[PDB]
Amino acid sequence: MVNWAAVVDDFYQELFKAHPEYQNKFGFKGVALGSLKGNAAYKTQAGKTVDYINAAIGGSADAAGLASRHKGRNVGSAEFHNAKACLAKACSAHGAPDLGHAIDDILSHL
Ligand code: HEM
């Protein structure tokens, strides 16, 4: 099976390296990037992200619900376009299928 946990770890590395201020919205605010794997708040967030990816692939993802929750954190379309680029880089680095179509589903509600 595709190692989505490894893809997601690479995704967060890319995302927070390009946009370090995004990290301030999370329970692992301030934690060095090379330390995220040892952080409990990060472990939970990464696990939910992997779960979302598996739900999107499996056909049960609630993209409108995820979009609404991100609006609830003042996260919008621009941030998601940035995330889409970071996730594409992560997928490619692992020889994983691109998830652009899934992210476009969320973007359609942003
Ligand atoms: C590839 C695009 C993204 C995916 C798949 C994704 C996925 C998720 C998931 C699955 C959750 C948990 C939702 C829940 O518990 O109901 C979440 C929460 C969150 N996301 Fe994202 N996200 C994306 C992009 C972003 C971006 C660009 C930001 C910018 C800061 C962001 C900020 C947040 C925040 C602040 C939370 C709440 C974390 C908490 O409860 O402490 N997300 N995201």
Side-chain angles (χ1 to χ4, degrees):
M1 303 179 324
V2 172
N3 192 347
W4 290 119
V7 170
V8 163
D9 287 338
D10 193 29
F11 165 68
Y12 284 114
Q13 295 297 126
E14 295 289 349
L15 184 71
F16 300 136
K17 187 178 70 197
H19 309 275
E21 79 283 17
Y22 292 177
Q23 195 182 330
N24 295 331
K25 292 193 162 172
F26 296 86
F28 45 90
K29 174 177 181 181
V31 173
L33 295 188
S35 280
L36 288 175
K37 285 190 194 173
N39 176 281
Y42 175 80
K43 295 178 226 145
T44 292
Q45 176 61 30
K48 294 187 178 198
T49 306
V50 168
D51 288 346
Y52 190 83
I53 288 167
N54 284 138
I57 298 161
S60 71
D62 179 8
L66 191 72
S68 186
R69 286 168 179 72
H70 282 81
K71 291 187 183 171
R73 302 297 176 131
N74 293 332
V75 175
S77 298
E79 296 95 322
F80 269 79
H81 279 283
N82 295 153
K84 186 184 178 184
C86 294
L87 190 54
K89 189 167 194 300
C91 288
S92 186
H94 289 271
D98 190 82
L99 290 165
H101 287 79
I103 307 305
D104 289 345
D105 292 339
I106 302 158
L107 281 160
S108 78
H109 295 110
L110 292 173

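Note that the numbering runs from 1 along the sequence shown for the chain.
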Check whether any side-chain heavy atom of [X] sits under 4.5 Å from a side-chain heavy atom of [Y], and report yes or no.
{"X": "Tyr52", "Y": "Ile106", "result": "yes"}
{"X": "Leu36", "Y": "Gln23", "result": "yes"}
{"X": "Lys84", "Y": "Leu99", "result": "no"}
{"X": "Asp104", "Y": "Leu107", "result": "yes"}
{"X": "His101", "Y": "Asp105", "result": "no"}
{"X": "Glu21", "Y": "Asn24", "result": "yes"}
{"X": "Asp9", "Y": "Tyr42", "result": "yes"}

Working for side-chain contact (heavy atoms from CB on, under 4.5 Å), residues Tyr22 and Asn82: CA-CA 11 Å; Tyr22 292 177; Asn82 295 153; 2.9 Å; yes
Nearest heavy-atom pair of [X] and [Y]: which atoms, and what distance?
{"X": "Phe28", "Y": "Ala41", "result": "CD2-C, 3.8 Å"}
{"X": "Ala56", "Y": "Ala102", "result": "CB-CB, 4.0 Å"}
{"X": "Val31", "Y": "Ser35", "result": "CG1-CB, 3.8 Å"}
{"X": "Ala88", "Y": "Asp98", "result": "CB-OD1, 3.6 Å"}

From NE2 (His19) to CD (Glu79), nearest 0.5 Å: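 Result: 9.5 Å between the selected atoms.
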Inter-residue atom distance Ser108.OG - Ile103.CD1, 0.5 Å rounding: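 These two atoms lie 11.5 Å from each other.
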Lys25, NZ atom: more than 12 neighbouring heavy atoms under 6.0 Å: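 Yes.
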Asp10/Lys89 salt bridge by N-O under 4.0 Å criterion: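 A salt bridge is absent here (no side-chain N lies under 4.0 Å from a carboxylate O).
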Chi angles and distances behind the side chain to side chain donor-acceptor pair (under 3.5 Å) call for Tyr12, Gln45: CA-CA 10 Å; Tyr12 284 114; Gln45 176 61 30; 3.1 Å; yes
side-chain contact (heavy atoms from CB on, under 4.5 Å) partner of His94, the single match among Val7, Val2, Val8: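 Running side-chain contact (heavy atoms from CB on, under 4.5 Å) over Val7, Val2, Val8 with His94 returns exactly one hit, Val7.
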Any donor-acceptor N/O pair, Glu14 side chain to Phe11 backbone, under 3.5 Å: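 Not a single qualifying donor-acceptor pair exists.
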Ring centers of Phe26, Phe16 separated by less than 6.0 Å: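 For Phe26 and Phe16, the ring centres are under 6.0 Å apart.
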Candidate pair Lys71 and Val75, rule side-chain contact (heavy atoms from CB on, under 4.5 Å), full reasoning: CA-CA 5 Å; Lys71 291 187 183 171; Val75 175; over 6 Å; no
